[PDB]
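A single chain comes next, written as structure tokens; it is the form solved without the RNA.
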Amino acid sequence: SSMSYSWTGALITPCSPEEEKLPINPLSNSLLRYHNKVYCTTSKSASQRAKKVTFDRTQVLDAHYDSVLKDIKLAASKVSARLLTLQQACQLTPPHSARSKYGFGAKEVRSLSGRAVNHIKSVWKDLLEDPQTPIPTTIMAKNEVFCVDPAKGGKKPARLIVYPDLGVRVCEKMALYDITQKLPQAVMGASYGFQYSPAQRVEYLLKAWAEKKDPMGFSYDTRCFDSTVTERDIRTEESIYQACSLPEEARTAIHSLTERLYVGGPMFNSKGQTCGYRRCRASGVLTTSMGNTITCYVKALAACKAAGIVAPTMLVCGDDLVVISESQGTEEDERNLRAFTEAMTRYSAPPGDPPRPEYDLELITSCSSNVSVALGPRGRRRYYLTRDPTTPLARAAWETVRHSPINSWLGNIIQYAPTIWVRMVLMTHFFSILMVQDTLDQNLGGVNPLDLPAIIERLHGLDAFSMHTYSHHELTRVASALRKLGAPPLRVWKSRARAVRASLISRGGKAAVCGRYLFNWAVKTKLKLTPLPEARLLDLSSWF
């Protein structure tokens, strides 16, 4: 029926030319040794990407699909959404968002400068007047950092970014922002992935698992989900948006955005030549996350009914998806997943590798991570979110003239605080670097490191500081990842840890608390850690 992309042969071309690595990585050459293995995706590999993502889609919908859609549109109907003022939409632009072809950028937009405002007014008008002319976009290589995978053929090529001009982006929000805030929750309820913190994601999966008499779970991904989205899928999204109570202006606005932007349109490289034409999901438009999540949800829910998945509970993180249901016997279970996959494929949403039924929660991966179990010092099982540390570690080792990894360290420490690799490797390194630099309280991305104990307590609870015995899977993976990157093994970290712990303790104050709480696993004679008052008086609902 249609190709995801047509190309012209023009090259997809960098902005600020990707930078060579330096002969010394002073912040991380004591973290690991195999620096030769950490690499960053460049536009040089962008053709290789484009090939992987360009293919023919044909889609066959059915009664299950129709039925699911009817249900969702009824759900959407209960939502009412407002317009955002041009000004409000401007204020939601991020500080460093890509400046505009019309001599102004984010600072102007956020400060409501007259010409920025003015231009957007015209952009919005043209949207109201013209429902047809496709709106042009730029395509860029994403630069991300990985550890080399010999298994999966060396170096992943870059991801492709496709976005309209800043003027349009502001406009998108006037039209759709409020819907992005309300629609997903209303169509999917608890299935919606982005609402939860790690601990809550854990809890939900556990609850889901627990309520099946005889549970079975699987995850489904596709690497290339955007490519598989059809013009029709996109129009179906609009129709879903339209089932809401909107003002009329917004309805027009949305239709135009669908017809002129979302459904597809032409692509230019930064050099400014025509590069190709897109007939699938745009990587950088407002609706990308909402849209993928909803469309994925519709397709998956239909496919469950097609396959006879019994009593399914879903978690949806975009392209990424977990289903936990009632097992029907493993032989039936294997059959129903083949059927699910076949149905998904008819819907134009094939998988990466085919899914597989599992009967143990540790073996189920999604939003790139998994639930694991650790034993408190007296037997109690605690469950918590974790993942393969390889990428976190490669990212932790990426240092250039224009990039520092300390941020990346702290992000991981927070999200994965209960993990053995965070607690033994990253925590130990982070604190040691900051102490030597004497910047133990400079603020990184809005968080002060000396507040980790309370933040971690607030987020993960006091168990985060007493996970005593980790699982075989987890021990195996971590050890293995460390050997892979040439990082010291856990035993060496434990040493480093003891000395970090001491320095933090002698430093007194909040440092001493970091010492006591974060590094209690490092000493055989444990301090009794009690709740931090600093922590109850603290709200991070904002973050997850």
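We call the rigid core the largest set of C-alpha positions that still match within 1.5 Å between the two forms. A residue's number is simply how far along the shown sequence it sits, counting from 1.
Form deposited with the RNA bound: not shown, discussed below.
If you check the RNA in the bound PDB entry, you find no heavy atom from any of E203, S327 and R382 within 4.5 Å. Note that among 354-362, 118-126, 161-169, 431-439, the stretch whose heavy atoms approach the RNA to within 4.5 Å in the bound PDB entry is 161-169. Checking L375, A190, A98, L83 for any heavy atom within 4.5 Å of the RNA in the bound PDB entry turns up a single hit: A98. Checked against the RNA in the bound PDB entry, the candidates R278, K173, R260, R423 yield a single residue with a heavy atom inside 4.5 Å, and that residue is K173.
Although the partner is absent here, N336 is not a contact residue: none of its heavy atoms lies within 4.5 angstroms of the RNA in the bound PDB entry. The RNA is not drawn, but in the bound PDB entry it has a heavy atom within 4.5 Å of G411. Proximity of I240 to the RNA in the bound PDB entry falls outside the 4.5 Å heavy atom cutoff. By the criterion of a heavy atom within 4.5 Å, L527 is excluded from the residues contacting the RNA in the bound PDB entry.
Contacts with the RNA in the bound PDB entry, taken as any heavy atom within 4.5 Å, map within 361-393 to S368, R387. Taking the core as reference between this form and the one not shown, the lone member of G154, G114, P377, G189 whose Cα moves by 2 Å or more is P377.
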